[PDB]
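Below: one structure, written as structure tokens.
What follows is the structure, given as structure tokens:
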């Protein structure tokens, strides 16, 4: 019965789609199992996914389709024909901000499909070409996406050339654009095959199609449309390029027209703009390799004077393609222009460098650029300064800064290698992490700082530098955290992992460790459950740091945090009570939380945060044994909180938190303060001063009952330290003078239950 | 010996079929994932037993630890998809193994009556 269980995995995966944490893990685990099943029973899994995709097609819809298409792509990329062609391929055609993601995903699916399927996708394309000869072009666009090799490219060109004159003008246009991408698809995937082309049937197809496409070009607009393909088709004819460098006359007149259009002598802006696109594509093509270099040398200077002119800016992806190509051709005049200049040039430079890192054996590596690191650092500092001090100009500095941080994520080594310099760089990134108005930048600054904290990076900043800089970052981040906090805290966990790794290979440090300790304790009360769990995880790394340092007080309780909404807060408070030993950190965390809590209390007189802060103060406060005395007096004043909208909730939560969660080491202070307060309810003749006092007494009885019910280990030791006798006598004496009404009877009953 | 592999597998599968404790199931399915990869030619025997519960755990469950073995078994099965059907246990007399070890008379009792009476008549004078 294997088929039946494969279908059960497929059916599980379908029902777990968003359109219909554990469901995330289950979904990914199912997807990964389907992929690994597809590695063998490929058509069962693909059929199921196809069937699901049909059903789904007939925010959560897009996410479901993305999950299905990502699964399909990874299955197809793992492939060791009929329904691929008759069932899947039409659905992938149907797909061809989430629409662009879906188009990208579907294209990756189609690319993967096409690798082993090509003859079928080409048969669909060839059939629509035939239909177009006797206008709906969408199947022709599939040529953009499909995997193409040298033999397949030759076939596509041959099929096209034969039919091209019989096609309608809109179909001819769709073909022209689509073949331009199809050429690039081959060159990018199979650079070795393009290199071999420069080391006659392809050239015959390319020349035939060139002359056909030239015959189509009857107007300025059609000329501008075809020139990017005509340069490709000419690049597919190395021997024609060699002849026209000295039947070919129209190819020479085309290159001359491109030169004239780059040099500004063509009046038509559309032809100059198109000529830029064509000559960038030529420059690009040369990097994947020859006579082509002479053609590049004839146009590159005019192309640079078109795209990189600070006095007359062109009208970014095209400029990036140009700069990357120029760098690959010769690894810097236009580079210095981009370092100096319009912010759009800074943008194009940085994105070009990022592409150079992230995208062949003869291509120059990024390391030639490590002469310009000082200028890149200056550009970063300036851009940072301009983004923070900030409408259209401001928005442009944001996109630039994001790109510079992405560049730092792509490679730190550049910045560090030419060079305080490192401290400035890290400080600037660190300054972005807090910024609420730029979440995308902050996220990337964190990733950048993380890769800057990997071993190989730190060496380039060693140990005396690591300590100073990394602690300064920690101290600053923690100081902000104690003033997207959750994501910053996750990242701070991975930074601590990196620090532990760096020390395992091995005054601001004490300050940083203390502020970190403060921050982590302050996260234990945070209203976000995820934040609390992450903070717990951070104590593990604080312990690991100390193990690594010491191997050359709280540690047991930190390891218990590491081992771990209302249930979690209860568990946290139970652990906080087990902190016996004072530290600068825990003390300061208590004082800061107390200060915040007093401010929040005034504002209240957000509630769940105040409850959690209250609980934390109650649980940790023993370490501080004054500020604690004042907090306890304030809690006692809140037991009788008369506030109309939040008073019941305040009284209930103070009662429950004092009664279940207070530190055992504070019981001696609590009983003295309760005693002293209740004693004020009597005059000098020992008569009872009878609503506030009655309410205090009821809450006191419940609080004391809850304390005495509690079996927290070590609580017995502290219960002994202060006498209850005068307090309990005063409680019963107070309750005796309450009349025989229902509420007073309940209070008498509760006091009996306390006494028991 | 494939009979010993089949018996071992059938016992583990029997223990999965019935036990309600998810912690038992973690241990057992981890051993079935290795055992499937180890004894792939014999593994088909157990498939009938596993089929009902594996459908149930795939469609229902949300523990990754238990699912990791289950997905491993399905992958292993498909990867090696036979030389021994469920009938193979019947040939040597074990088709009842998963039968009997399920949850809690006449036909069995009459044979036991004859057996006990024969036990007495052989052993007791």
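Residue numbers (the numbering used here), protein chains in the order written: chain F, 278 to 1033; chain L, 5 to 129.
Ideal Cβ placement from N, Cα and C applies to all residues, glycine included.
Sub-9 Å separation of residue i and residue j beta-carbons
i, j, result
"residue 1052/F", "residue 836/F", "Past the boundaries of the shown model lies residue 1052/F; chain F is included only from 278 to 1033, so the question cannot be answered."
"residue 611/F", "residue 684/F", "no"
"residue 592/F", "residue 532/F", "no"
"residue 291/F", "residue 337/F", "no"
"residue 369/F", "residue 304/F", "no"
"residue 849/F", "residue 802/F", "yes"
"residue 362/F", "residue 321/F", "no"
"residue 908/F", "residue 898/F", "yes"
"residue 948/F", "residue 1010/F", "no"
"residue 373/F", "residue 419/F", "yes"
"residue 355/F", "residue 417/F", "no"
"residue 573/F", "residue 560/F", "yes"
"residue 392/F", "residue 353/F", "yes"
"residue 517/F", "residue 563/F", "no"
"residue 36/L", "residue 54/L", "yes"
"residue 256/F", "residue 689/F", "This structure cannot speak to residue 256/F, because chain F is shown only from 278 to 1033."
"residue 979/F", "residue 938/F", "no"
Within chain F, partners of residue i - CB distance below 8 Å
i, result
"residue 85/L", "279, 317 and 318"
"residue 110/L", "Ordered by position in chain F, no residue passes the 8 Å Cβ test against residue 110/L, which lies about 32 Å from the chain."
"residue 55/L", "278, 281 and 282"
Proximal residues of chain L, C-beta to C-beta of residue i below 8 Å
i, result
"residue 496/F", "By Cβ distance, chain L contributes nothing, its closest Cβ being about 59 Å from residue 496/F, past 8 Å."
"residue 348/F", "Near residue 348/F there are no residues of chain L at all, since even the closest Cβ is about 14 Å away, more than 8 Å."
Minimum Cβ-Cβ distance from residue i to chain L less than 9 Å
i, result
"residue 285/F", "yes"
"residue 282/F", "yes"
"residue 300/F", "yes"
"residue 292/F", "yes"
"residue 303/F", "yes"
"residue 307/F", "yes"
"residue 901/F", "no"
"residue 310/F", "yes"
Min CB distance residue i to chain F below 9 Å
i, result
"residue 29/L", "no"
"residue 59/L", "yes"
"residue 52/L", "yes"
"residue 71/L", "yes"
"residue 6/L", "no"
"residue 68/L", "yes"
Chain F residues whose Cβ lies nearer than 7 Å to that of residue i
i, result
"residue 44/L", "Going along chain F, no residue has its Cβ under 7 Å from residue 44/L, so there is no contact; the nearest lies around 12 Å."
Proximity test, residue i beta-carbon vs the ligand NAD heavy atom, cut-off 8 Å
i, result
"residue 587/F", "No copy of the ligand NAD appears in this structure; indeed no ligand is present at all."
Listed by chain order, chain L residues near residue i by CB distance under 7 Å
i, result
"residue 289/F", "62 and 63"
"residue 895/F", "Those do not exist, as residue 895/F stays about 36 Å from chain L at its closest Cβ, beyond 7 Å."
Interface flag, residue i vs chain B, CB-CB below 9 Å
i, result
"residue 820/F", "Any reference to chain B falls outside this structure, whose protein chains are F and L."
Self-check item: Contact residues within the region 312-336 of chain F, judged by C-beta distance below 7 Å to chain L
Solution: 313, 314, 317 and 318
Quiz item: What residues from the region 73-96 of chain L come within 7 Å of chain F, judged by C-beta to C-beta, listed N to C?
Solution: 75, 78, 79, 81, 82, 83 and 85
Quiz item: Listed in chain order, which residues of the region 999-1030 of chain F have Cβ atoms closer than 7 Å to some Cβ of chain L?
Solution: none
Quiz prompt | In chain order, each beta strand (DSSP E) run of at least 3 residues that lies wholly inside the region 454-528 of chain F | solution = none
Quiz item: Using a beta-carbon distance cut-off of less than 8 Å, what residues from the region 346-379 of chain F approach chain L?
Solution: none
Practice problem: Please list the residues of the region 864-881 of chain F that have a C-beta atom closer than 8 Å to any C-beta atom in chain L, keeping them in chain order. | Solution: none
Self-check item: Ordered list of alpha helix (DSSP H) runs contained in the region 736-793 of chain F, each at least 4 residues
Solution: 740-758 and 762-782
Practice problem: Counting only runs of 3+ residues fully inside the region 525-564 of chain F, write out the beta strand (DSSP E) ranges in chain order. | Solution: none
Quiz item: At what residue ranges does the region 900-954 of chain F contain a whole run of the alpha helix (DSSP H), taking only runs of 4 or more?
Solution: 904-915 and 924-938
Exercise. Would you list, in sequence order, the uninterrupted alpha helix (DSSP H) runs of no fewer than 4 residues that lie entirely inside the region 670-721 of chain F?
Key: 690-694 and 698-709
Self-check item: alpha helix (DSSP H) segments (min. 4 residues) lying fully within the region 840-870 of chain F
Solution: 843-854
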